[PDB]
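# Notes for the structure review
Given next are the chains, with one letter for each unit.
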Amino acid sequence: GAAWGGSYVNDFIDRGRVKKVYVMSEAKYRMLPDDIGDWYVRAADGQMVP
Amino acid sequence: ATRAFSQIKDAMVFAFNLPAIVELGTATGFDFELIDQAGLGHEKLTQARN
């Protein structure tokens, strides 16, 4: 969800105004279906599972 | 009371009567708002107020 759709984490202060903070994948890593193979998840043992 | 309390040190003590209409409060002078319109900050607004 965070990689392909973005995630609203919390707020920050831009020039004295409260504004959102978003984490999302860089454009070129969430364009084509094959890009799904670029993402890994850490396992309980620390291994990276595709 | 104000004359007597003017001698008090380390404190500003001021005695005063109620406004005729407490809901409106005082109508003696003016109320002025200095607004930070360009995101200057608290310090710059303080300098402008000074």
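Calculation criteria
- Residues numbered from 1 in each chain as written, not as in the entry; some residues may be left out.
- Chains lettered and ligands numbered in written order.
- Part of a larger assembly, values for the part shown.
- Heavy atoms only, no water.
- Helix = DSSP H or I, 4+ residues; strand = E, 2+ residues; numbered from the N terminus.
- Rg over C-alpha atoms; globule rule 2.2 N^0.38 Å.
- Buried < 20%, exposed > 50% of the residue type's maximum accessible area, 1.4 Å probe, protein only.
- Salt bridge = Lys/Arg side-chain N within 4 Å of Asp/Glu carboxyl O.
- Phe/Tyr/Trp six-rings, centres within 6.5 Å; stacked < 30°, edge-to-face > 60°.
- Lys NZ or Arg CZ within 6 Å of the ring centre and 35° of its normal.

Per the PDB entry, chain B is named Multidrug efflux pump subunit AcrB, and its organism is Escherichia coli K-12.

If you check the PDB entry, chain A appears there as Multidrug efflux pump subunit AcrB from Escherichia coli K-12.

### Thoughts on the overall build of chain B
Helix and strand content of chain B: two helices and zero strands. What you see for chain B is a C-alpha radius of gyration of 17 Å, clearly larger than the 10 Å of a compact globule of 50 residues, by over 25%. Considered along the principal axes of its C-alpha atoms, chain B spans approximately 45 × 35 × 15 Å. Looking at chain B as a whole, 0% of its 50 residues qualify as buried.

### What about the pattern of salt bridges?
All names here are of chain A. Inspection of every chain in the model, using the stated rule, returns two salt bridges over all chains. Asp14 is the partner of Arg15 in a salt bridge, and the nearest nitrogen-oxygen pair spans 3.3 Å. What makes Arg15 exposed here is its relative accessible area of 64%. Residue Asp14 is classed as partly exposed on the basis of its relative accessible area of 21%. Residue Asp14 pairs with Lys19 through a salt bridge whose shortest N-O separation is 3.0 Å. Among the charged side chains, a network of salt bridges with common partners joins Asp14, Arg15 and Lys19.

### A word on unusual backbone geometry
Despite not being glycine, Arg15 of chain A shows a phi value in the positive range, around 50°. Considering the arrangement of structural elements, one finds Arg15 of chain A in the loop between β1 (7-14) and β2 (17-23). Phi angles above zero are rare outside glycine, and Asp10 of chain B is one such case at about 65°. Looking at where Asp10 of chain B falls in the secondary structure, it is placed in the loop between α1 (2-5) and α2 (42-49).

### Side note on the packing of aromatic side chains
On inspection of all chains with the given rule, the structure shows two aromatic pairs over all chains. Ring plane angle 15° and centroid distance 5.3 Å describe the contact between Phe14 of chain B and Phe16 of chain B, whose orientation is recorded as stacked. Summarising the burial analysis for this pair, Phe14 of chain B and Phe16 of chain B share the class exposed. The ring of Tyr8 of chain A has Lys20 of chain A sitting right over it, with the charged end atom 5.6 Å from the ring centre.

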